[PDB]
Amino acid sequence: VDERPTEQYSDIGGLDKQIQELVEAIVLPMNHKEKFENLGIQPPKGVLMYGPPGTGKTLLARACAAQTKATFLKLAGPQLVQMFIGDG
Amino acid sequence: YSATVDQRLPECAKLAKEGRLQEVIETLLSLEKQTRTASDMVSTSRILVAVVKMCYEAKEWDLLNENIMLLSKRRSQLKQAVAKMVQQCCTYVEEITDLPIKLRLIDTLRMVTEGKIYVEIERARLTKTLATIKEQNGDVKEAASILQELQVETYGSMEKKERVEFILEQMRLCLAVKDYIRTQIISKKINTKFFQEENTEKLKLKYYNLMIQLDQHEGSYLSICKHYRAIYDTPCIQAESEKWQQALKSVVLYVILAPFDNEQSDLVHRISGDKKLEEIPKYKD
Amino acid sequence: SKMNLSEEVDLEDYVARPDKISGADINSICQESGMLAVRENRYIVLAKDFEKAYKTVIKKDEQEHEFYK
Amino acid sequence: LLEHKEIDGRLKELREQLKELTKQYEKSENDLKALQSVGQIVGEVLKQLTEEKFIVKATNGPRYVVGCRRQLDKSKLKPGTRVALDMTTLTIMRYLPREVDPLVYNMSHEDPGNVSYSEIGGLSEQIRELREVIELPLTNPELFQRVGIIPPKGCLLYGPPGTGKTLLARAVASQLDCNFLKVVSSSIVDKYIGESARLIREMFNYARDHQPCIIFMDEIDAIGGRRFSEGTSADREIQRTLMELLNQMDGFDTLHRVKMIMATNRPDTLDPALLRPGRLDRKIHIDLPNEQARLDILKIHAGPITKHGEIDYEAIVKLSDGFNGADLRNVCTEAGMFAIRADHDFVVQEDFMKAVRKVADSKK
Ligand SMILES: Nc1ncnc2c1ncn2[C@@H]1O[C@H](COP(=O)(O)OP(=O)(O)O)[C@@H](O)[C@H]1O
Ligand SMILES: Nc1ncnc2c1ncn2[C@@H]1O[C@H](COP(=O)(O)OP(=O)(O)O)[C@@H](O)[C@H]1O
């Protein structure tokens, strides 16, 4: 469980719209959860992200954990396909 | 449409004060038809209350009969519109004191009302008016039949409460029938609507008197014993000293004649030390 | 037997209907008739709610394309 | 009032503020009585040799013949009853509740969230039917008994996914205020050969131990998916689990007050034996919401969202055909999501309309 993934958004490049969407997807509702409760609605709870197999979703997740300075958990689909019962 | 009808309300009212049924019925039919097609909110209510008001003030029952059977036979009618029509006929049939007109009008309100609607409580009001009419006419078995056809268990519009107590009106006119089984069945199935009728009211006396007279004809005494003790207990019976002493005489002469078991032993050694029977020492003795 | 009276219901005719129903289905039918009686708030079932229960239990709705038949 | 300013100037702190040391003394006395205790062995009673001598097997240890404490309900010490043993004299000190499987524990202590009955929308006839078939034996059993029928064992709710079977069962459980066993049939199958049926056994043993209980087994087609003799190992163990479920629900040991709810999306593939009555007495069709049902769902899920000025439902109903339940809830939620895209503290009609648009596109 790494805590410091060491990204400043200067490591990830070319996903500027994607990274702004990242920020407003997780950290922006996190700091302004009070403005979410003012609306009387619950914040978004997860993000669906897709791309080619070598498109760097992992590093973007690290960068997100970096600027949000939060702890970082991680699960892998190809890790979860085997290991039979227990993945859950 | 609403503009046509709202500038027509003066025009159609000044036309209505002439009677002249045919043409106004035709135009109101056309406008009500277009508003049923278009699903309008207030113009439909105004136009149907208008036609019903015009028939009632113009003093024809065949014409309002035709209005009812047309927009019952006619389709795409707003249910609130039919409800307002029948409730207006109700408030246009309970105040009139014409026996043939009243009976014909309740016949029409009976045969229109397949497909009961949220206003079926207000229709229960008119069926209790019909209950008064069958009380004054002599019909007894058909009386209970008719006021039970407007049933209460299919009636789901708001909790029964005391409001639709015509379960107890059924037990009452059916005590006139003397068929206690119906009353026991409704009492058993009142489970959906709380086991006991709403406390701190005046129908307590009515229901418990139906119960005591029903038991009197039965010949059972023990449940009636408990019931008359309960009649004693209530503070409502403790308003005037007379009423207490009369009802207490009744309670005691109801309680002496019972056989013996253990639950009545519980009752009697719970009630033996009661302090409000000493004003009448004969029955205490 | 433990059921309340049927009020002159053709139990023998319901029996006589040719239908491949097991004793579990008979117990169902009777139970469902009781449920319908409770819902309609009448303690003595008769042909109406009994018939609705009978139709309800053995639905066996074919829903089958007719080219099979 | 000479030396009676407030209270002697001192008793205010001495009487209660400095009497917190008596609360600490109470804590010390609890430590005392905890100290005099010695702890106890645990075990399961195996047999009643006589009125006094009991064969008791300690867990992961040897078995003994032991006596019982003088004041105890011997009529309660059935075989298999988990019990406590004094560590030194080895006598029955106190009975214990039967050990619950960790999976059954987890499946049991999930809070239903006290969901009310209003928050369903447009299921009126079916929810009335389910209310009857589950609630009524749990509210007035005497009604069923006097009628002359046996209270129903349970029923099935079949329909397309997202149609509220889970929510409806949860509402029944919350309204009953009883023990609820929320289960999904895909989660009990195990690679180990005999563990799935064993988990079913533990589930129903807990249910019988914690009456009144509601067994909600979602996705039942993953267990009761018809019996065939092809012979593959996995589906054959599925047959075995189905047989165990049938036994536990309408087998030799009758069920009293457990009332089990089962939901699925493929009612047709269920095994006829499971589909036979006695086990599942009613089949409820929780079908896709109708137009009136759709508007009901819309309005019931539009409560918490703050509306400004005008929000109508018939437009969303007519232009949101084919939806179901959670999709309409998604419409409301992502309308709220839209509300911060243009930074409102409220919602507008066009917001709702574009929300149902995007939800419909996601539906395509
Ligand atoms: N724009 C980018 N910046 C940095 N690394 C990238 C970028 N695009 C792709 N990558 C690389 O792609 C890999 C991520 O693969 P990923 O899509 O996470 O695999 P999977 O889909 O199996 O999770 C990383 O090793 C990362 O170095
Ligand atoms: N009347 C309704 N019908 C269907 N779903 C509803 C209804 N009311 C609310 N829901 C939504 O259903 C979701 C729960 O999934 P649900 O549809 O109950 O399970 P299932 O997929 O088994 O039907 C809740 O998030 C809730 O928002």
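Calculation rules
Residues numbered from 1 in each chain as written, not as in the entry; some residues may be left out. Chains lettered and ligands numbered in written order. Part of a larger assembly, values for the part shown. Heavy atoms only, no water. Contact = heavy atoms within 4.5 Å. Buried area = accessible area lost by both parts, 1.4 Å probe. Salt bridge = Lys/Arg side-chain N within 4 Å of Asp/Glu carboxyl O. Polar contact = N/O pair within 3.5 Å; in protein donor to acceptor, adjacent residues only side chain to side chain. Nonpolar A, V, L, I, M, F, W, Y, C, P; charged D, E, K, R; others polar. Near = heavy atom within 4 Å. Areas by Shrake-Rupley, 256 points an atom, 1.4 Å probe, with all protein chains shown as cover. 1 Å grid on protein atoms, 1.4 Å probe; cavity = no way out; pocket = protein on both sides within 12 Å on 5 of 7 lines; lining within 4 Å. Points joined across faces, edges and corners; volume = space filled by probe spheres on them. Helix = DSSP H or I, 4+ residues; strand = E, 2+ residues; numbered from the N terminus. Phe/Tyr/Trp six-rings, centres within 6.5 Å; stacked < 30°, edge-to-face > 60°. Buried < 20%, exposed > 50% of the residue type's maximum accessible area, 1.4 Å probe, protein only. Pairing = 2+ DSSP bridges. Axes fitted to C-alpha atoms, helices over the stretch in contact; angles between N-to-C directions.

Peer 1: What is the right way to look at the interface of chain C and chain D in this model?
Peer 2: Note on interface size: it is often stated as the accessible area lost on association of the parts. The interface is formed by 15 residues belonging to chain C together with 19 residues belonging to chain D. Taking both sides of the interface into account, the surface hidden between chain C and chain D amounts to around 1500 Å²; carbon and sulfur atoms contribute 60%. Summed over the shared surface of chain C and chain D, the number is three salt bridges. Linking chain C with chain D are five residue pairs in polar contact, by the criterion used here. Residues that form the side of chain C that touches chain D fall into these classes: six nonpolar, five polar and four charged.

Peer 1: Honestly, the site of ligand 1 in this entry has me stumped. Any pointers?
Peer 2: Residues and elements named next belong to chain A. Near ligand 1 the following residues occur: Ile-12, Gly-13, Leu-15, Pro-52, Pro-53, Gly-54, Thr-55, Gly-56, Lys-57, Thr-58 and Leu-59. Between ligand 1 and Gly-13, the relevant distance is 3.4 Å, taken from a nitrogen atom to a main-chain nitrogen or oxygen of the residue. When the free accessible area of ligand 1 is taken as 570 Å², the share hidden by the protein chains comes to 52%. By residue class, the composition of the shell around ligand 1 is five nonpolar, five polar and one charged.

Peer 1: Teacher, can you tell me more about the interface of chain B and chain C here?
Peer 2: Across the boundary between the two partners, chain B contributes five residues, which contact six residues of chain C. In this assembly, chain B packs against chain C so that about 490 Å² is buried in total across both faces, 59% of it on carbon and sulfur atoms. Summed over the shared surface of chain B and chain C, the number is zero salt bridges. In this assembly, chain B and chain C are joined by zero residue pairs in polar contact. A breakdown of the residues in the side of chain B that touches chain C according to their chemical character gives one nonpolar, no polar and four charged.

Peer 1: In this structure, what is going on with empty space enclosed by the protein? I would like to understand it.
Peer 2: Sizing a probe to match a water molecule and rolling it over the atoms shows the empty space that remains. All names here are of chain D. Put simply, the largest cavity is a space of about 70 Å³. Along its surface, the largest cavity is lined by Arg-98, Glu-99, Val-100, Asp-101, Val-104, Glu-202, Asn-205, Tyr-206, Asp-209 and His-210. Tallying contributions element by element places helix α7 (residues 195-209) first for the lining of the largest cavity, with four residues. Across the lining of the largest cavity, the residue classes tally to three nonpolar, two polar and five charged. Considered as a void within the structure, the second largest cavity measures approximately 50 Å³ in volume. Taken together, the residues of the lining of the second largest cavity sort by class into two nonpolar, two polar and three charged.

Peer 1: I'm lost on the site of ligand 2 in this one. Help?
Peer 2: Residues and elements named next belong to chain D. Within the structure, ligand 2 sits among 14 residues, and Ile-120, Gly-162, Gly-164, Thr-166 and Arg-329 are positioned closest to it. Between ligand 2 and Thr-163, the relevant distance is 2.9 Å, taken from an oxygen atom to a main-chain nitrogen or oxygen of the residue. Alone, ligand 2 offers 540 Å² of accessible surface; in the complex the protein occludes 84% of this. Contributions of two or more residues to the shell around ligand 2 are made by α6 (165-176) and α12 (326-341). Here the element with the most residues in the shell around ligand 2 is α6; it accounts for three residues. Considering only residue class, the shell around ligand 2 consists of five nonpolar, seven polar and two charged.

Peer 1: How should I be thinking about the packing of aromatic side chains in this particular structure?
Peer 2: Within a pair of aromatic rings, the relevant descriptors are the distance that separates the centres and the angle that separates the planes. Tallied over the entire structure, the rule returns eight aromatic pairs over all chains. A ring pair is formed by C:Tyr14 and C:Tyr54, whose centres lie 5.2 Å apart and whose planes are at 50 degrees; its orientation type is tilted. Of this pair, C:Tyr14 sits in helix α1 (residues 11-16) while C:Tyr54 is found in helix α3 (residues 47-57), placing the two residues 40 residues apart along the sequence. For C:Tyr14, a relative accessible area of 9% puts it in the buried group. Plain terms: the ring middles of D:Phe180 and D:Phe216 are 6.2 Å apart, the flat faces sit at 10 degrees to each other, and that makes the pair stacked. Linking D:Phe180 in strand β7 (residues 179-184) with D:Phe216 in strand β8 (residues 213-218), this pair joins segments that are 36 residues apart in sequence. Each member of the pair, D:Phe180 as well as D:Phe216, carries the same accessibility label: buried.

Peer 1: Could you clarify how one ought to interpret the sheet that holds β7(D) in this entry?
Peer 2: All names here are of chain D. Pairing in this open sheet of five strands is parallel, and the strands run β7-β8-β9-β6-β10 from one edge to the other. The open sheet is flanked by β7 and β10 (282-285), the only strands paired with a single partner. Put simply, the sheet's adjacent strands are angled 20 degrees from each other on average, direction ignored. Note: β7 against β8, six bridges, orientation parallel. Bridge pairing links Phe-180 to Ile-214 in β8.

Peer 1: I would appreciate a short explanation of the pattern of salt bridges in the present structure.
Peer 2: Side chains that differ in sign of charge can pair as their charged atoms come close. Applying the stated criterion to the full structure yields 36 salt bridges over all chains. With its nearest N and O atoms 3.7 Å apart, the salt bridge here joins B:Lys284 to B:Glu278. Here D:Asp209 ties to D:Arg98 by a salt bridge, and the two come within 3.3 Å at their closest N and O atoms. Taken together, the residues D:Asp209 in helix α7 and D:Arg98 in the loop between β5 (91-95) and α3 (102-108) connect sequence positions 111 residues apart. Given the relative accessible area of 40%, D:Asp209 is considered partly exposed. A relative accessible area of 42% places D:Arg98 in the partly exposed class. Each of C:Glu32, C:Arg39, D:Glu129, D:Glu132 and D:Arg282 takes part in one network of salt bridges that share partners.

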